[PDB]
Amino acid sequence: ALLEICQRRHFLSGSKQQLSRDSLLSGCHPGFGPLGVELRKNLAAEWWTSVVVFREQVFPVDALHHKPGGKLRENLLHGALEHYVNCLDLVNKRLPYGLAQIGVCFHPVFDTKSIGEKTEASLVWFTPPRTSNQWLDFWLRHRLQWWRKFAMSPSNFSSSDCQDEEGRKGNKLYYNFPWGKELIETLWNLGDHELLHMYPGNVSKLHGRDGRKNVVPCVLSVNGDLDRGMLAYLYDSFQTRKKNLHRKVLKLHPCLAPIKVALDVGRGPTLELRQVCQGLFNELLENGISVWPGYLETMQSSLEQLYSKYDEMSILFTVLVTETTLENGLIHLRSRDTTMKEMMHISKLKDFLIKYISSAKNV
Amino acid sequence: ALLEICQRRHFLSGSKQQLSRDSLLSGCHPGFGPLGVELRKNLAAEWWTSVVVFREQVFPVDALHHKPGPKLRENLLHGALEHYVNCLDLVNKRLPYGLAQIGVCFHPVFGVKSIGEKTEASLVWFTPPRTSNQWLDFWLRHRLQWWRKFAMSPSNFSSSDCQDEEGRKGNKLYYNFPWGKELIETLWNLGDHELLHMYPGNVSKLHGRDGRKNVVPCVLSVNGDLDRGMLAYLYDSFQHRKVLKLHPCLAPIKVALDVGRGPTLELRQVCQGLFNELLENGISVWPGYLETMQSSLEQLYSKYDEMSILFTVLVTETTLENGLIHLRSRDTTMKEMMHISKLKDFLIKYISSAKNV
Amino acid sequence: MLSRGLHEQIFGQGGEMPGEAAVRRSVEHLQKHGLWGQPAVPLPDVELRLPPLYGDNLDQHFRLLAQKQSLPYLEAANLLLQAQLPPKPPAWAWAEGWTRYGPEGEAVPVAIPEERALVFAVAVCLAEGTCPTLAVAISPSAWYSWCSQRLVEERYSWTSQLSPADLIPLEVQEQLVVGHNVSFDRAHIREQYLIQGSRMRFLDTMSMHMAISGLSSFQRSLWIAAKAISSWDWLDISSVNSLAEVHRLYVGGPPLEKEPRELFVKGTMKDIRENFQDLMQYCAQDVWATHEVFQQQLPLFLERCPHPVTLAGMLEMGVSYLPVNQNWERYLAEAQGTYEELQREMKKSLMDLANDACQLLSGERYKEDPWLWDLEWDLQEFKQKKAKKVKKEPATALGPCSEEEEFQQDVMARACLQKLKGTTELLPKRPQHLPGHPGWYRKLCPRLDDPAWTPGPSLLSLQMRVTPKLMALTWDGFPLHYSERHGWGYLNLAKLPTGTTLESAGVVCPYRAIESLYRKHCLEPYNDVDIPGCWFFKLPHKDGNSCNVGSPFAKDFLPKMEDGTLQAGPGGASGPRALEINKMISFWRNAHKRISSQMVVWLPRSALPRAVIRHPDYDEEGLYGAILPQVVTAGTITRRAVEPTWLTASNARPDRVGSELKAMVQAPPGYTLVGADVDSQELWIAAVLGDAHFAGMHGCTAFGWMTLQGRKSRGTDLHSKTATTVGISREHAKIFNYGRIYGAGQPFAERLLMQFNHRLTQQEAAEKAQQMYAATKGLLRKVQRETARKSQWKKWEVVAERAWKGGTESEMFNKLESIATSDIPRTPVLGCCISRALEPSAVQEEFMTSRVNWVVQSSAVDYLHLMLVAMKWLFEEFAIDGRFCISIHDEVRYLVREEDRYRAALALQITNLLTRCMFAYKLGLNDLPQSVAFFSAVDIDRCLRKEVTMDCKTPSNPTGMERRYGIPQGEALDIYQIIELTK
DNA sequence: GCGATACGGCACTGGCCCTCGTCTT
DNA sequence: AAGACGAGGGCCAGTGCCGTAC
Ligand SMILES: Nc1ccn([C@H]2CC[C@@H](COP(=O)(O)OP(=O)(O)OP(=O)(O)O)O2)c(=O)n1
Ligand SMILES: [Mg+2]
Ligand SMILES: [Mg+2]
C-alpha cells in the first residue's frame, strides 16, 4: 500500500493523490499513465492470443457502446449476442463457437451519482446443452491458468464455484489484494434464455449443428476486468522478512512488461559516433520490442539512480553503449531479475531479447 | 456491388436498409464484421507502428468517454491535454513532445435524431510556436505517405491546405472514392488558447524548456479516421472476377488451407499441423478444412478472393506422400505447388517483402 | 462345526489323522502362551453344488487341467526342439510383408507364416516409434523375414493402426511363440489387440532362465563386478538376464556380436535402410541364439519345474490385456498439463529466490550470509587478443530544433551499425556461459546454444542440493550442510572437544549470524544436542545423530514441516507448500516417460465385436483400443511378474498427479472387469507352514491361530489387530509384520515403528521389546543356550551337537529355515526348484533372508498360478465370455462382460476355495478353516482400481467424467451358480 | 544376522576426448 | 613458421538418494 508513489513517479497511473482503492475498483480513476496503458495493452494482447488466435471457432465481434433507441452499455455480452446469426453463417452452423471482444464498459455508481468506465475482455461461448458444464469447467481451468501465470505468487488467484438464483452454475475469479480478495473475472452458464427472448418469431435461425442434430445453443459467458487485472499484476509485481537488504523493484512478467529494454549512453561524453544508438534503436523497435531512450538527460548522476529508475519501470534489461563498445563491439547489459553486469554483442543482443521474450512466452 | 460482398464475407454487420454509403459514412451502425474488425486492428497497429518509429518519444494514453463533471466525447483532444502536465515529468520538460491515442469518439447523426460512433486515431503534438508550422508540414508529409504506403494508388489520396482566424494554418487529408472525395484526416495548428483555457492559472507549469528557454507550446492536432480509412482501402482493393486486393500487411486473413481428398482424419491432422505452425509465427490462417463438404474449387477461390486472402493452400492426398501442397496466389491467381515445410518461410518472407517505403 | 473351523466339503471322506499327543502339545502350548478365550462366532456355511472333479484328489485335478491346457504348447515346443535347421539365406528380401526362405533361401512372398511354432524377435525404429520396422522368425521347417510398410518414403501419420506384424492364422492347436522378452514381440502382433481370443500363447526364454538359473539383484551387482568366503562359487553356474550372457551360459558357444552403433535406438529410418542387410542379419542372429537358448532351457525348466501348473500358469500369465479409449489420451494431456503447471510454479518461486539472492555479490557481502558462502561467487571477464596498434590510449578515445531534411541519415546510422557489427565477430571464438554472473548462478542456468533454452535460472530443484540450503531454516538452527550426508534427521555422559584457529588461505566462515539467527528464532556442541537443535562452528562431525545414512533433501517430512520445526524463511507457508508441490509431482516425475510412451493400438469399427456396437455406446465418435502390458513372465523372485510401468503403478490417491493411471483402464461397452485380491496370502502361508509342521490341524500354532481368526468386514484382521495397539492402520502394520517375518532387526523395527507412530523412542523401545517376544529365543565361547540343559561344563567334548539352530515359542521361522537348509530342491508345495546360484550346494550361502522370502513368496506365486489355471478351467468349460487376464501378484482381474460378471465372480470364489484347499492338501489335512476359504472382496466394474469407491486428483470429478460405480462382494454372489441358467 | 522381490527416476561426479588457447622452437 | 602443454566443455558410465507397487 505504498507502491503508489512508484506509480506516480513512473507513470503507470495518474499523479493525482486521490487514487483510493475505491476509486481504482470503481473505475472512477482519472486514467492510467503511458506505462500503465502499455501494461494493460500487452495484457489484453496476451488475452487475445491465448483466447482467440490459438483456439479455432472463435472470432472477433464489434459491439457498439450504446443503443439506437443517457446511459451506456453495462456489459458487452448482449452486443455480441446480437451478432450470433451471421457468425453462425461464417462457421456454417458449427457450434461450439465463440465471440470475443475487449471493450470498455460503463457502470453506474452511487458514491456514498457518478458513472465509472473500465476495460473488460469478454468471450461469449455458444455451446450445446449436452456439453455446457464441461466447457464451463474447461474455461474455468484455462482462464484461471492464464491468470495464474505472469504472477510471482500464483497462490493469490483463486476460483469460487457458485450457483444462480434459479440454479445456473457459474464460477468467479478472485485476486488476493493486500486488503482481501477481489473479483477480477466471472464465468456464467446462461441457459439459452436471452437468445430465445431475442428471437421469439423464428427460432429455426438459432438452431446449431451439434453433430448429427441441430440443437438450441446454451450461452456460456466469461467476462474479465483487465483494469483490476492490470492493478492485480501491478501489486503482484512488488515485494518479506530477514532479507537483510531491500531494493525497490516491481517484477512484472517479461511478456506484459511495458518497456522491455532501456538504451542509454555511457562514457560519456563521447562525440560523435553516437548515431549507432539510433541504429540499435530502430533495429530494436523493428522487431517489436519496447525500448526506452536514454539520450537527452539531466543525469549525469550515480548509476544506481537510473538503475533504480529503470527497476521502478519494470524494465527487463539495461543496455549500455560505451566508447569501448564503439571500438570492439561489446555493449553492457544489466538484468532486472538479477542485478548483474554482463557483456554481449549487438545483433546478439537483439536476438537475445527476441529469444528472451519468445521463450518467456513458453515454459 | 462492393457493399454486398462485404455483407456475404462478413466485413460489415447484417443490414438491409442501413447498408447504404450514407449510413456507412455516418457513425450509425450495424457495427462491423470479423474481417472488418481484424482489418481495423491491423490498420490501427500499422498506425501505432508508424508513430512509434517517430523520434524522440510519444507516449500513448487513454481518455474517458463520458463527462468528468457528470456528455460523450466528440474529439480526442481534451483527454490528451489533461495528461500533458503529467507527461511533462516523463519527458523531463526537455523538448517538444506528443501524445497519441486511438479511441471511439461519438458524433450526433440526424423523426428523432440518433448518435453515431467512429474509431479515430489522434496525435496531439506539443511544439514551440517558432517551430510549429514546419512540424505541421512534416506531419502532413508523413501522414500523406502513411496513407500512400498501403494504398494501391497514391493519386486516390489527396492533401488540401486551409487556414482561419482561430487556427493559423491547417491541412486536411481527403480520399477520392471516386463517388465523392471525403474527409479522412485533419491536421490543425491550435494555439495555446485551448490549453490556456483549462489551466488558468498559474500557467507556470505549462511552459516547457526549449534550449534554456521557457515557452508555452503551440498544439498540433492530428485526427485521423480508421473507419473511413477502412472503407477507403476497401474501395481501393475492389477489382467476371470480384477480388479485393488489400495490402498484404493490411489484409485480415492472409492464408487459408483446405483439403482435396475425401474426408480423412490424416488430412485433418496435417492441416491442424500447418494451422498450428502458421499461427506459431503470427500468420492469420482461415480454416476451411473443417469443412464439411468441400464442394467446388472455383467458388471457394471466389470466396477467398472476396475475403482478400493472399494465398490459398490445398492439402491433397499426395501431400501424405511427397509433402507437396497446392499453393494459389491472389494477385496473380497462379496455381503453384510447393513443399509444405517451406510454406512458413515463404509467407513470412512475402509479408516481410511488403515492408518498404 | 467342527474342529474349530471347517465347511461342507467333498474333497476326501478320510480324514483324521487325529494326532492326540500332538494336539495335546498344541493345546497346552496355546494355553500357556496363552490363548483359550474363543469368541465362538461361526461364519455362515455355504451349500452349493460344486463343479465336477476328475479324481482322485484335487492334485490330479489341477495336474490334468494344467496338462490339458499346456499340452498343445508343449507339443509345439517339442517341435521346436527336434527342429532340424536350414541355413540362413544369402540375402534378405527387401519386400513388404513376410518372406519365406525354404530351399537354398529363395524369397517366397507370404502374408502369414503358417507354422505351429516359431521363435520371434521384432525390430522397431525408436526414432519415430513405436511402430515395427523389421522382424525375423525361424520355424522347424524354414525361415521367415517380415518387413513393415516402411519401405517407401512418405510423410506417414502414426495413430497406431493395425500396422504391427500379422502372425495368427484365420479359421474361416494352434500357436506357440517363443522369444527373449517375448512380451515386447507380442506387443507388435496384429491380432493380439482384439477384444476376443486368443489361441496363441507365448514362452519367454528370459523368464525361463530366471526360473532355471536366476539370481537376485544383489547378486547381479557383484556378478557384473567380476571384471564372503565361498560366495564366488555360483559365479559361473548362473548369469544375468541379457541375451548374450544367457546364451553364453546355456549354449556356451562363441560370443554373439551386438550392434555397435545401436542404430535402432540411436539412428533414424534413413541410416537403417543404408544398413538394412546387416540389421536383418543381426536380428537373425538374435532369433537363432534365442532358439538355441530355448532348446537347452525347455528340458531344464521341465525338470526343475515338473508340475504343469507352473507351465500353464506361465502361459496365461503372459497374455495380459488392457482395454482403453480416448480417455487415455485425455488423461495423458491433463496429467502432463498439471505436472507442467506445478513444476512451473515451483521453478518460478525457486528461480525467484535464486534471483533475489544473487544481488549480495557486491561488495563481498556474501560472506556474511550464513547459507551462501560455500559456492563460487566468481567474476569473470575474458577474453581478447591484441591486433590493433599502436601506442595511443583507446580507453578515453540543449539545442532545440526540428530537422528532417536528412531523410536517409537513418540508413547511414544503420549502415554504420552493421559495418561496426561485422568486425567484432572474429574477436571471440566460442560463446561461453554468462561470466558476469556467479558460478553457482552459471550452473543454475541453461546453455545459450541449447535448443531448449529457457530465460533466467532454470533447472531449479527439488531435489537439488543448492536450492534447499539457499532458502530453508534448519531445525532450530541456521545452517544446513553436506559432505557424506545432509542435515541429520530421520533415516553415562558422552562428550566431545572444540577448536578454533587461523592459518589460510581458505574460505572464510561466519559463526555469528548463526547464533544471532538462533536468538531471533527463540525470540518468540553442547548443550542442546539430543532433543533440541543447534549448529557448532567448524569440526564437522556427527555429535548426536540417529540416522546412519542422511537425507538430501527433506522431501517427506511434512509432519516435521507443519509443526514448527523445521520451517523456511523467507518465508511463511512457502516451505510446506513447496513440500506439498514436490509430493504432488513425485510420482509423475519418475514415471511420465513410461506412461506417455506407453503405446496403444486402436482397433477400427471393422475389427471389433458387433455385439458391442449393438450396445448403446460408441461413444460419440469415440475411439476404442488396447495395450498389452508387456510383462516378463518370471522375474526374480520367485518368478513374479516384471513390468516397467503397470506393476509400479500408483494407487488412487487424491494427492499424486497421475494417480488415476490405475483407473484409466476402462472396460469396453457391454464388458466389465471382475477381479479380487487375496486377503491374505503370505501370512496364512507362513501360518500353514507352521501348523502343518507342528501337527495336523491348522490352528495348532500361536501365530497360525490368529491369522485365520479375523475378518476384514466390520471386524479386525491380524494386521488390523496389530494396527490397533496402537498402532497404525493399516499398510504400515502390514509392513511391520511382513518385515518381522523376514528379519525383525531391532533398529529396523525401531526406526520403522517410530517413523510410523510418531512418538518418543523409549516407550517405542518398550513396544518393540514386547513385540520381540515372537522370535525369541533361538539357539568354547557361545550364546548361553544349547541342547544341554546348562552351558557350564569342564573339558566337555561336544562338537557334534553344535549343528542345530531353531527359535522357540510363538513363531515358526524354524520351518522356513528348514526349507532353507536343504541342499536339494527346497520346493514346497508345489514345488519348483530355483536358482543354481542360491542352491546351498556349492553356495556358502549367506543369502538366508532372500531364501526365506523365496519360500513364502514362492507359495504366493504358485498360489497365483493355481488361481490362473483354475480360473481358465471353468471359464472355457462354461459360457463365461471374456477370459483375458490381468494379474498383479496378490490381486487378479479378468475382463468379463456385463451379463456374465456374477458367475465370473463365483468362478473367482470357487478358484480361491480350490487353491486354499490345495495348499491345505499338500501338507494335510484337506480340511481347511472358515475365514480363509472364500474371498472377502470381489471388485466388479468398468475400470480397475483398489476400493469400489474411487476419488482422484487430475480429473477432480471421476463420475464427472464418463464413469460408473463399483460393488462390494460379498455374499449376494453366492446365489448365482456356475450354470448358465440363473436368476 | 538380516525386509523381501522388483521397478524407475534425478543430482552429482570423476574420466575420456575434442577444441581453443597459448606458450614454445 | 611448426610443435607441445594446458584449460574448458560435451558424452559417458557409475553412484547415492528418492520414488512406486506387491
Ligand atoms: N511390503 C510388502 C508388501 C507385500 N509383500 C508381500 C506379502 C504379501 C504379498 C501380497 O501383498 P499384500 O496383498 O499387500 O498383503 P496382504 O497381507 O495380502 O494384504 P491384504 O489382506 O489386503 O490382501 O506381497 C511383501 O512381502 N512386502
Ligand atoms: Mg492381498
Ligand atoms: Mg497384494
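Residues numbered from 1 in each chain as written, not as in the entry; some residues may be left out. Chains lettered and ligands numbered in written order. Heavy atoms only, no water. Residues with missing side-chain atoms left out of burial classes, pairs and counts.

A.B. asks: How should I be thinking about the pairing of strand β12 (residues 317–322) of chain A in this particular structure?
C.D. replies: Looking along a regular strand, one sees the side chains alternate between the two faces of the sheet. All names here are of chain A. For β12, the tally of buried residues reaches six of six residues, placing the bulk of the element in the interior. Along β12, one buried face is formed by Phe317, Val319 and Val321 and the opposite face, lined by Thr318, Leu320 and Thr322, is buried too. Pairing between strand β10 (residues 261–266) and β12: six bridges, direction parallel. Bridging across to β12, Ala262 finds its partner in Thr318. Pairing between β12 and strand β13 (residues 330–335): four bridges, direction antiparallel. If you follow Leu320 over to β13, its bridge partner there is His332. (Buried < 20%, exposed > 50% of the residue type's maximum accessible area, 1.4 Å probe, protein only. Helix = DSSP H or I, 4+ residues; strand = E, 2+ residues; numbered from the N terminus. Pairing = 2+ DSSP bridges.)

A.B. asks: I'm lost on the packing of helix α3 (residues 34–53) of chain A against helix α6 (residues 132–148) of chain A in this one. Help?
C.D. replies: Angle between the axes and distance between the axes: these two values describe a pair of packed helices. Residues and elements named next belong to chain A. Running from N to C, α3 and α6 cross one another at 145°; their axes reach a closest spacing of 12 Å. For the element pair α3 and α6, the recorded crossing hand is right-handed. Between α3 and α6, the contacting residues are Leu43, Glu46, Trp47, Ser50 and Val51 on the first element and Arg143, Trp146 and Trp147 on the second. Tallied by class, the residues present in the contact of α3 with α6 amount to five nonpolar, one polar and two charged. (Axes fitted to C-alpha atoms, helices over the stretch in contact; angles between N-to-C directions. Left-handed = near helix turned anticlockwise from the far one by under 90°. Contact = heavy atoms within 4.5 Å. Nonpolar A, V, L, I, M, F, W, Y, C, P; charged D, E, K, R; others polar.)

A.B. asks: I would appreciate a short explanation of the interface of chain C and chain A in the present structure.
C.D. replies: Many analyses report the size of an interface as the accessible area lost when the parts associate. Listed as interface residues are 45 residues of chain C and, on the opposing side, 49 residues of chain A. For C:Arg414, the salt bridge goes to A:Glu286, with nearest N and O atoms at 2.4 Å. On the surface where chain C and chain A come into contact, there are eleven residue pairs in polar contact. Secondary structure elements with two or more residues in the side of chain C that touches chain A: α11 (326–356) and α12 (409–421) of chain C. Considering every element that reaches the side of chain C that touches chain A, the biggest residue donor is α12(C), with eight residues. (Salt bridge = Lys/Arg side-chain N within 4 Å of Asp/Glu carboxyl O. Polar contact = N/O pair within 3.5 Å; in protein donor to acceptor, adjacent residues only side chain to side chain.)

A.B. asks: What is the right way to read the site of ligand 1 from this model?
C.D. replies: Residue and element names in this part refer to chain C. Taken together, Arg640, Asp677, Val678, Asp679, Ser680, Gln681, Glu682, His719, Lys734, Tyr738 and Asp890 make up the full set of residues adjacent to ligand 1. Between ligand 1 and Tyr738, the relevant distance is 2.8 Å, taken from an oxygen atom to a side-chain nitrogen or oxygen of the residue. Contact with the protein chains covers 72% of the free accessible surface of ligand 1, which is 560 Å². Of the residues that constitute the shell around ligand 1, the class distribution is two nonpolar, three polar and six charged. (Near = heavy atom within 4 Å. Areas by Shrake-Rupley, 256 points an atom, 1.4 Å probe, with all protein chains shown as cover.)

A.B. asks: Hey, could you run me through the pattern of salt bridges in this one?
C.D. replies: Where side chains of opposite charge bring their charged atoms close, a pairing between them can arise. According to the stated counting rule, one finds 65 salt bridges over all chains in the structure shown. Its salt-bridge partner being B:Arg130, residue B:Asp210 comes within 2.4 Å of it at the nearest N-O pair. Placement of the pair is B:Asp210 in the loop between β7 (208–209) and β8 (214–215) and B:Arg130 in the loop between β3 (114–127) and α5 (133–149), with a sequence separation of 80 residues. Accessibility expressed as a relative area gives 3% for B:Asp210, which makes it buried. With relative accessibility at 48%, the residue B:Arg130 sits in the partly exposed group. A salt bridge links C:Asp449 to C:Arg430; the nearest nitrogen and oxygen atoms lie 3.3 Å apart. Of the two residues, C:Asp449 is situated in the loop between α13 (439–443) and α14 (467–471) and C:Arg430 in the loop between α12 and α13; the sequence distance between them amounts to 19 residues.

A.B. asks: How should the UniProt feature "short sequence motif: Pol A" in chain C be read in this particular structure?
C.D. replies: Look at the UniProt record and you will see "short sequence motif: Pol A" annotated at residues 674–683 of chain C. A helix fraction of 20% and a strand fraction of 40% characterise residues 674–683 of chain C, whose end C-alpha atoms lie 24 Å from each other. (UniProt positions renumbered as here; feature names shortened; annotations may be inferred.)

A.B. asks: Looking at this structure, I do not really get the UniProt feature "short sequence motif: Exo II" in chain C. What am I missing?
C.D. replies: Under the UniProt annotation, "short sequence motif: Exo II" lies at residues 178–186 of chain C. Secondary structure over residues 178–186 of chain C splits into 56% helix and 22% strand, and the C-alpha atoms at its two ends are 10 Å apart.

A.B. asks: Can you help me understand the protein's contact with DNA strand E in this one?
C.D. replies: All names here are of chain C. Taken together, 17 residues lie around DNA strand E, and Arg447, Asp556, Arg640, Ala649 and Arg656 are the ones closest in. Atoms of DNA strand E within 4 Å of the protein belong to the sugar or the phosphate in 94% of instances, the rest to bases. Within the side chain of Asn590, one N or O atom sits 3.3 Å away from a sugar or linking oxygen of DNA strand E. Across the surface near DNA strand E, the residue classes break down as four nonpolar, six polar and seven charged.

A.B. asks: Hey, could you run me through unusual backbone geometry in this one?
C.D. replies: Both trends apply: most residues other than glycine have a negative phi, and most peptide bonds are in trans. Here A:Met299 and A:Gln300 are connected by a cis peptide whose omega angle stands at 5°. Along the chain, the position of A:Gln300 falls in the loop between β11 (291–293) and α10 (303–311). For the bond from C:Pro570 to C:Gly571, the omega torsion is 0°, close enough to zero to count as cis. By the secondary structure assignment, C:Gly571 is in the loop between α15 (513–521) and α16 (574–584). You will see that A:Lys93, though not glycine, has its phi angle at about 55°, which is positive. Tracing the sequence through the fold places A:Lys93 in the loop between α5 (84–89) and β2 (97–109).

A.B. asks: Honestly, the protein's contact with DNA strand D in this entry has me stumped. Any pointers?
C.D. replies: Residues and elements named next belong to chain C. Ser461, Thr636, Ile637, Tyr742 and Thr849 are the nearest of the 32 residues found near DNA strand D. Each atom of DNA strand D within 4 Å of the protein was assigned to sugar, phosphate or base; sugar and phosphate come to 81%. One nitrogen or oxygen atom from the side chain of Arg594 is found 3.4 Å from a sugar or linking oxygen belonging to DNA strand D. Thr849 is positioned such that a nitrogen or oxygen atom in its side chain is 2.9 Å from a phosphate oxygen of DNA strand D.

A.B. asks: Can you walk me through the interface of chain A and chain B in this structure?
C.D. replies: At the interface, 40 residues of chain A touch 46 residues of chain B. For the side of chain A that touches chain B, the secondary-structure elements that each account for two or more residues are α3, β1 (58–60), α5, β2, β3 (114–127) and β11 of chain A. For the side of chain A that touches chain B, the element with the highest residue contribution is α3(A), accounting for seven residues. Split by residue class, the side of chain A that touches chain B holds 22 nonpolar, seven polar and eleven charged.

A.B. asks: Looking at this structure, I do not really get the nonpolar core. What am I missing?
C.D. replies: Note that soluble globular proteins tend to have their nonpolar side chains buried in a common cluster. Core analysis: the biggest nonpolar cluster contains 127 residues, and C:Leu874, C:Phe875 and C:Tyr894 have the highest contact counts within it. Take this core: its biggest share by element is 16 residues, from helix α27 (residues 848–876) of chain C. Look past the residues within four positions of C:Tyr894 in its chain and what remains in contact with it is C:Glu316, C:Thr672, C:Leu673, C:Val674, C:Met867, C:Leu868, C:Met871, C:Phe875, C:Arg883, C:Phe884, C:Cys885 and C:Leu908. With 102 residues, the next largest nonpolar core counts B:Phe11, B:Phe150, B:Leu173 and B:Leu267 among its residues. (Core = buried A, V, L, I, M, F, W, Y, C linked by side-chain atoms within 4.5 Å.)

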